[PDB]
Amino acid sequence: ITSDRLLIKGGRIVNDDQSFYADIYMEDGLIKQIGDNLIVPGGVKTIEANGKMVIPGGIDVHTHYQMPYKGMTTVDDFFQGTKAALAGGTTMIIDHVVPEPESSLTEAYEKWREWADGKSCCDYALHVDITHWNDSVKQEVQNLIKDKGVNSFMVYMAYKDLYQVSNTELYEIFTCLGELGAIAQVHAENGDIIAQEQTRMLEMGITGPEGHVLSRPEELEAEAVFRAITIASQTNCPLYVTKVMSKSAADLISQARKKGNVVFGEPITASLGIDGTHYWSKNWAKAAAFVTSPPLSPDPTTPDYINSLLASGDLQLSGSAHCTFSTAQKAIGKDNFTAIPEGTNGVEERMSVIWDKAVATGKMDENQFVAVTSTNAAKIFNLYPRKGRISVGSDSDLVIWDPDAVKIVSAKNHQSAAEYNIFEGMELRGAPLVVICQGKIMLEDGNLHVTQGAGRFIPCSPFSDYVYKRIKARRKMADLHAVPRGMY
């Protein structure tokens, strides 16, 4: 894409590896020059930073924009949703393609590309959820990775008699995805037990939002996480844990990474920002707004712990799992929490939450902030250094970040079409002043300047080195010597 020549002067550039004062000159969707006191053509827009930070545009790895649900749709679509992202400093999103059981994955890919190409304000990629399994689906997975630029597929361990897969199915699927060089994602909760504990919570007459959290205690996440981690290690396939919510799940990932397992852990704005004490709100609707799987841990020590592990590297990248429904849609679970559609907000609040909860708190510094907001995502999904880096050659997706900025979050002001915001009234430190996506100024002085359909689908190639170099090294060590033995 062609676009205006743009110079940013006097900025503190911040990447995952270092910080240094320098001017940045961008042109035609790329960063052409970086340095001090540059030779710049006249008739070119200039932005004065005054030493404010300049960082790669965020990569939200988990979104559900206009997601299908019971002949219905999430109230944030690819357009309004990407407005929310950009408003919050995020310039790329990876949305989950959810083919219906007994449906084609390729046809769901077609469905999703159409939507996002026409509506997305910013660049994007897609994950494909493997909602069912057979020879025909496997064939589609090979094609999606080869031809359609998808390197990431999620399997559900929850959702009994819907999206759930057996242990044998996980073995086959992790084996296939390891061979083909893709990132095996999991929604890691034990569906078999949750299904029972839902029926138990209803039998005790607990039909409100608190029934949701109490039906899925973090014990059932940890088990799922542990079983996934285990099967993935036996197939020598890299594992990506989606939406990490509990302290026990995060410790199992930490435990496994120390051993040497190729396991990644994605916390989301919700678990990084707030706990699940609002499931017990007197206001049904407010509590219904927090209903997502896995749930916000009622253990209020969890947010701060999750931020600690994200800082230590035991978790590597942040997402939002942005999946917003209106109160009217939540309401179809008025008298039964299992019918409440699942999902909350977070896409706009993501980067400011991490800065407030991790950076301002001294847990991590601006560089690691970049790693966990953009760069590591980019390395895992094979978008580096194209994304998540302010270097020459790299796309011109970047944010002027003010660490001294302080903004209160409210549903009045957010870009989401949700009536509620789970971070309602939270004073957060640090926010974007300016956002540049595709080299164009899409945020300045509090004003969005987006264009519908502007975003381009970025294809992601298999065998990201960050992920697959060790896996390849181990593949070529599994020569099992049988014992030389005279017969009996």
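Start at 1 with the first residue shown and count on from there.
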Which of 458-466 and 35-43 has higher mean CA B factor, as the PDB entry lists it: 35-43
Average Cα temperature factor in the PDB entry - higher stretch of 200-208, 384-392: 200-208
Which of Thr344, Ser248, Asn413, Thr91 ranks first by CA B-factor in the deposited coordinates: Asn413
Most elevated Cα B-factor in the entry, residues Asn143, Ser215, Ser312, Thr373: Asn143
Chain-relative CA temperature factor third for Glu424: middle
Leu443 - which third its CA temperature factor falls in, relative to the rest of the chain: highest
Ranked C-alpha temperature factor of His449 among modelled chain residues, by third: highest
Chain-relative CA temperature factor third for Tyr279: middle
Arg350 CA temperature factor, ranked by third within the chain: middle
